[PDB]
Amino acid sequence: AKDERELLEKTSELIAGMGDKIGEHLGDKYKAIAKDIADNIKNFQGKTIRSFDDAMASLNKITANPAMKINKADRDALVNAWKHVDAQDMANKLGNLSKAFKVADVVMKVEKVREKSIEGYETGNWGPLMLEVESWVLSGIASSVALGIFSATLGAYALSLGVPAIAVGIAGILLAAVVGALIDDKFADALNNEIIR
């Protein structure tokens, strides 16, 4: 495609928006990491997402960071925000943003992101979420589209968040880390250095 540039572009718009909403509580530095992330997405055509192993590496700099120990209430607010997602519904809304989100079995992709995010919050194991994306690329979905979909999904969840402010802060941080991991380890260092500490 050339219409891959389509999906990529409408997706960075969601990441940039995530950056505004969440920048309101975390600040300008966050607004900036999120927008730098959204430009990478924007111009990802022809690049390939980073390896399952490189990905867990950058992500672990974040999740394994003591300032990131999430409390149960927070963890319960974020899980519930996911359990309230209706994948068909969510697939349909992305469909309205653009034809290009109408990829083969998008409803199940969504549903897997949802379920493995829930697992991530509940057991602190981010492996299954990461392995889910990479496996779409291992199976033939263009890195562009995998990134695309993964990203829009997490961008839409974050935009719809209605949880307390500390909770939106912590979500926003892990959502930038999950996405950032597929792209450049730079993102992990910037969230770490500029925000978490």
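Note that residue numbering begins at 1 and tracks the sequence as displayed.
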Report the stretch with the higher mean CA temperature factor, choosing between 102-110 and 119-127 on the basis of the entry. 102-110
Look over 152-160 and 35-43 in the entry and identify the one with the greater average Cα temperature factor. 35-43
From the list 142, 26, 55, 171, select the residue with the highest C-alpha B factor recorded in the entry. 55
Classify residue 13 as lowest, middle or highest third according to the C-alpha B-factor given in the PDB entry, relative to its own chain. middle
Of the three thirds of the chain ranked by Cα temperature factor, residue 85 occupies the middle
Classify residue 70 as lowest, middle or highest third according to the C-alpha B-factor given in the PDB entry, relative to its own chain. highest
Residue 91: CA B-factor among chain residues, third -> middle
For residue 133, the third of its chain into which the C-alpha B factor falls: middle
